[PDB]
Structure formats: structure tokens, C-alpha cells
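As C-alpha cells, one chain now follows by itself in the form deposited in one PDB entry.
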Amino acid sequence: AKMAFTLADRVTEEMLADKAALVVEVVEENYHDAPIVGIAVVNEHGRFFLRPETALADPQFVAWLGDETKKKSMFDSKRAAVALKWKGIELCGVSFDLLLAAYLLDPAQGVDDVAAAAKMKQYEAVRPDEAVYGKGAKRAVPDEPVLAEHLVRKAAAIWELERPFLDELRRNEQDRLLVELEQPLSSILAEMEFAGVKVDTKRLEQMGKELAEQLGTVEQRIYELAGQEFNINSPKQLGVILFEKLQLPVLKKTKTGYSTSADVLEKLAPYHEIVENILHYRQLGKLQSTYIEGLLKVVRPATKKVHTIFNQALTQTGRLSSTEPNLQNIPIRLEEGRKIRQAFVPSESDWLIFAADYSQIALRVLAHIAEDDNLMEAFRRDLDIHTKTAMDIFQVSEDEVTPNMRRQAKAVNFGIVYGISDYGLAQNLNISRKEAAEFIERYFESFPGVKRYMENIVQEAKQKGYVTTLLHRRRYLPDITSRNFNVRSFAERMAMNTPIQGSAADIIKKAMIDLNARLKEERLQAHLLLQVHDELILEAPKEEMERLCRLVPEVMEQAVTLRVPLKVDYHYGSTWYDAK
């Protein structure tokens, strides 16, 4: 553990070589407008630490950072790029990102620092970030000599690990997935995060004030029905009211006590009117806590924008996640919640929000991968796929499919994608479990290609130890041969689902790259704001809507070619709510 480096007082020419490992260290977990605490550069000429005050005000270093022909290898380049944007500096030329490389090789390792990636290649000459900075309230930037050594060791690690990681990605046929998909996407995500989304705070606050009144009213109605005050947001207390005081039946337990999940409570609605009120209260309360108060807490006051962070190296299937705030779970299903979307507005006057979503992409991907003739033909003629499944299960003509039938069929269609059991299906639909079991049997009789896919993908996972997606993403399933039924069954359902969910993730990621390319080449002001798994949200001048109406669905539908068409719906309006 001995590594020479230079603690530089000024930028020199030899630090500005055309290939380098670069560390631009941002310790705060939310890197938006966060301090850069230090810089390290490792290249052919040596190893260098620079203070940000020095490096970031030096016009040659700033020029080097922005020169796309000066190639940098980094870990979590999006963090660095966004933090630099907040400092008014452009980062270009990032040719290798070790975080994204590690994520593709095995998402289950949970790699979130250089040391963790380094462990995948038995490289030990660098410490974990948590050991250097500490945890929680103890977290602190260490004295310069200690900080400098750490950043330089991180850079040296990236320098030495690039080739071993690329070589393994190449053997896995994942190098193009890194270089042509994830790395270009990282730049697009950086742009989206830094742009942010504008919030109508006057409207949100008015909503909040009216919501608080309604919440108080339901709260009092609940105490009156219970005949007593209690904390409705406490599982223990509520459980005592429902199952001991009011003596309602106990339908389900958790390891800590009585379940009061919405699924459970809905089944108790007929017994006592306190239960519907409790469900309503908890709905309103989550709107208040999360989508009014929580959201206002993260609005940047001077610009009224929120700036999410899209975690690109977290989910086990290749999806993104969205944090602080999560803009991928804004309410839409109930009108009361959906109104929250009225607060999300374009960032300029006379601009509009444009929202485009894939129609049933998971089931279309299933049709493709399973090569199920019945499912394929249905999508080829754009027959509503819930109606189709109802026809086959109930053995009725399309005209005989009743609203309840299509509802049962829709539950089956998605259930299948998750490996649902007859129990889960019966619980979800509130039908006899015998009936549910018959639905699943009939489904697999009607879609034999899907049945074979479910059988075969489990066999593949057991033989290989992992499953793949269309663009060669992997998920390892080391528990798939467990002798324990619960453990094994969960892994089997992951095997069934991951190629579907993950291939859908691959597709929309490629679509984002293709769409950005078309937007930039056409010099449109339109730009991406958000991705929500199977949908993309943009804003643009109202004059550009006619163009987007053609461009956005076409690019999304053509991103990949499957054995069935892809179909995209789209809407636009003056707020996100109105983009429907």
C-alpha cells in the first residue's frame, strides 16, 4: 500500500494528457449543486491531486475537461458531469464509466463505489468510500493528505481496471451495451436532471391547504367511528382498533402483527364504515406528506424547479429509478391524486408538456420472446389484448366479452408476467380459488408458446445461473436451484419476469438515445424531462407540437424491430395533468 503522487499547487501541461482516469469527487449523496471536494488525475505521466478552487478556475483545465478528444475514464460520470454543470463547467470525452461497467457485469453486487468494483477483479489497492468519509452524522471530508491519497487511489484503480472490465464485457457480448447504450444514456440523463421540471408552487400550496382541511374532516370522522382518538398512521394502534376493539376478522398477519394493507382492508369494507374512511385518510395523507410537503421541500426556490436523480446502476432488471424526488410515482389512477400533476408545468411561457407511452410493451415483448402465435397474431391486428385473453379463457366471441370478463382477463395477463399463482389471482379478483386456477390453466392452454417460454426460461436459468434480455443485459439467479420452495419459487418468478421487464427497459433506453439524436439534429427546443419506465415526458414550444406528434411516436416504435409491432400513444397540454 504505497503509491506516489503529486499534490499540485497549479495545473501543468502533463496533467492534460489525451487519456486519463479522472476523479471529480462529490461526497453529498444528492450531487445537485453540491460541493466538489477534490480532483485526481492519473495518466501516462503520473498521478495528480488538485484542489477544486485551483483546477476549476484554471482556463486550461476547464478547456481540457470540455475537450471531447481528451478521453477520461471515471466512476459515476453522471454525478461528476451534473456537479460540474452546477459549477458552470462542461465535461466531455468520458469514454469509460466503471460504475456502469460493473452494473452490467452483475447488478446484484450493488456496486456503488470504486472499491466495490475493484473487488470484482481482486484489486485491493483502494479503500471503500464509507471507510474514508464515515457514516451518518459522522460523515466528514478528511484532512487533505488523506483525501488526496484516496482520490488518487480511486483514479489509479479506474486506470488499472478499465481494460479488465472491458475485456469481460466483450466476452459477455455486453461491450456495445456499455459503450453504445448505457454511456450515451448517462449523458442524456445528466441533461434531463440538470434541466429539471418546473413546479407551480402557488397551485401546489393551494392544493395542500384544501387537502389539510379535507384530511382533518376524515380524521375526525374516523375517531368518531372508532369512538376514540388514535394514531391512524400507526400499524400497531390501528390494528388494535380494527381487530381487538371493533372485533373485525383477521384476514392476514405480518411478522410484527395484524395486516392493514389496502388489499385486506378493502375486503373488510362491508363490515364497518371506518374501514373505507381509513383507506381514504391514508390516501389523502400520502398526498399531503409526499406529493405536497415532500415535493415542496425539494423545490429549488429561486427557479421553482425540481431536479431528480435517475439512478442508472441500481435496479436488478435494467430499469432506472428516480430519487429526491421520485418523479416516476406521481399519482394518476384516482382523480384526487391525479390533480397533483397540474403543478408540473413547462419551464417557459408558451411551452407545453408532451407525454408519449408504449401500449402494453411488456406483453408485446412476451409475445416476441415466447413466439406465441396466438399472442403475436392478436398484436399484429391490434386486437385489444385483454379482450383477446377474455375470449380464450371464457370461450366467448369478442362481442360477448363483458366488462367484468375483460377486468378478470387483464388481471390474468399481467399476473402471468409476474408468475402469479391461483392464490394471488383469486385474492386479487376476489373469486373462488378453484375459478382462479381454471383461468390460469386455460390461459396456458390458449397461449402454449407462453407456457413453453415460462418452462424453458426457468430451465435456462437453472442451467446457466442467469437470464438475459434482448440487448444482452444479465441477471444472475444463484438461488434458482434452492431446495427451499419459497426461495426457489421467487427465483423462478424472477427468471420468468426479468427478460420481459428488462428487455422493455432496453427498448425505451435505446429510444431515448434515438430521440435525443433526432431532436438535436433538427435543432428543436424540445427536450426530455422524464422517463417513467414505459413513457417519455418532454416539453417544447407550442409551435413544435405538430412535429413531436410525428417524431416521438415513430422513434419510439422503431427503436427495435420485434415479431410484433410496437405502439405508442401520445398527448400534450399546458401541464402534465393536461397531457392526457
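One rule holds for the numbers: they count along the sequence shown, beginning at 1. Residues that one form lacks are left out of the comparison. If you superpose the two forms and keep the largest set of C-alpha atoms that fall within 1.5 Å, you have the rigid core.
The protein also exists as the form deposited in another entry; that form is not presented, and the subsequent description refers to it.
A movement of the C-alpha atom of residue 322 falling short of 2 angstroms is seen between the shown form and the other one when the two forms are aligned on their rigid core.
Relative to the superposed rigid core, residue 141 undergoes a CA displacement smaller than 2 Å between the shown form and the other one. Wider separation of the C-alpha atoms of residue 399 and residue 449, by 3 angstroms or more, is seen in the other form than in the present form. The gap between the Cα atoms of residue 407 and residue 338 is smaller in the other form, by no less than 3 Å, than in this form. In this core-based overlay, residues 386-412, 416-418 form runs of three or more whose Cα positions differ by 2 Å or more between the shown form and the other one.
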